[PDB]
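Trainee: Compute the structure for the input listed below.
(chains A and B)
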Amino acid sequence: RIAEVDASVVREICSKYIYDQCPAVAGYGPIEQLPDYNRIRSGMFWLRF
Amino acid sequence: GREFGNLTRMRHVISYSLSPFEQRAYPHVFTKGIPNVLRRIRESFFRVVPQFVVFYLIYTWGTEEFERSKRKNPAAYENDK
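Mentor: Numbers count the residues shown, from 1 in each chain, chains lettered A, B, ... in the order given. Next up is the structure itself:
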């Protein structure tokens, strides 16, 4: 089942679950430079692609 | 200098926040929105309005008095007789 895996399958599934999805975040500190959640959510997708 | 990595110290103040897509852009607008704006107006109202009301009385008077100052031309000829 691992040998069956291919780069197109990888990009397909990773696009299926990672791309343009809403992240859940847990940050135990110190924290302040950690981006506000909109910066992260907008960090989840490129404008070039 | 005053970048986010180095500002005020603060200690265990936990906070919570939903994703924008997980929630409506117009939560409970009528039940809470409008009355809030109304409370705000009721707070600002007496502080703000009366001076403006005072201004209006002066504005009305000035024009009206000027009307007496000029349009009452007949009062002067009437004084002539």
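
Trainee: how about the CA coordinates for stretch B:62-70, as CSV?
Mentor: Taking Å, rounded to 0.1, in the frame of the first residue of the first chain, the C-alpha atoms of stretch B:62-70 are listed here in CSV:
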residue,chain,number,x,y,z
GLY,B,62,-28.7,86.5,14.5
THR,B,63,-30.5,86.2,11.3
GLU,B,64,-33.8,87.4,12.8
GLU,B,65,-32.2,90.4,14.5
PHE,B,66,-30.4,91.2,11.3
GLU,B,67,-33.8,91.1,9.7
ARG,B,68,-35.0,93.7,12.2
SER,B,69,-31.7,95.6,11.6
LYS,B,70,-32.4,95.9,7.9
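
Trainee: Residues contacting that stretch, please?
Mentor: Residues from elsewhere that reach stretch B:62-70 (C-beta atoms under 8 Å, 6 or more residues apart in numbering or on different chains): none. For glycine as for every other residue, the C-beta is placed from the backbone atoms N, C-alpha and C.

Trainee: how much distance is there from it to the middle of the chain?
Mentor: 31 Å (C-alpha atoms, centre = their mean, to the nearest Å).

Trainee: Please apply the same query to stretch A:27-39.
Mentor: 16 Å.

Trainee: Next: stretch B:56-72.
Mentor: Centre-to-centre, stretch B:56-72 and its host chain are 28 Å apart (C-alpha atoms, centre = their mean).

Trainee: Buried residues in it, which are they?
Mentor: For stretch B:56-72, the buried set under the neighbour-count rule, 16 or more other C-beta atoms under 10 Å in any protein chain shown, is empty.

Trainee: Can you tell me the element residue 3 falls in?
Mentor: Looking at chain A here, since you left the chain open. Residue A:3 belongs to no helix or strand when assigned by DSSP states H and E.

Trainee: Check the gap between it and chain B for me.
Mentor: Computed with C-beta to the nearest C-beta, to the nearest Å, the distance linking residue A:3 and chain B is 37 Å.

Trainee: Could you give the number of residues near that residue?
Mentor: Burial of residue A:3 is recorded as 5 neighbouring residues (other C-beta atoms under 10 Å in any protein chain shown).

Trainee: Next, the contact list for it, please.
Mentor: Applying C-beta under 8 Å, 6+ apart to residue A:3 gives no contacts.
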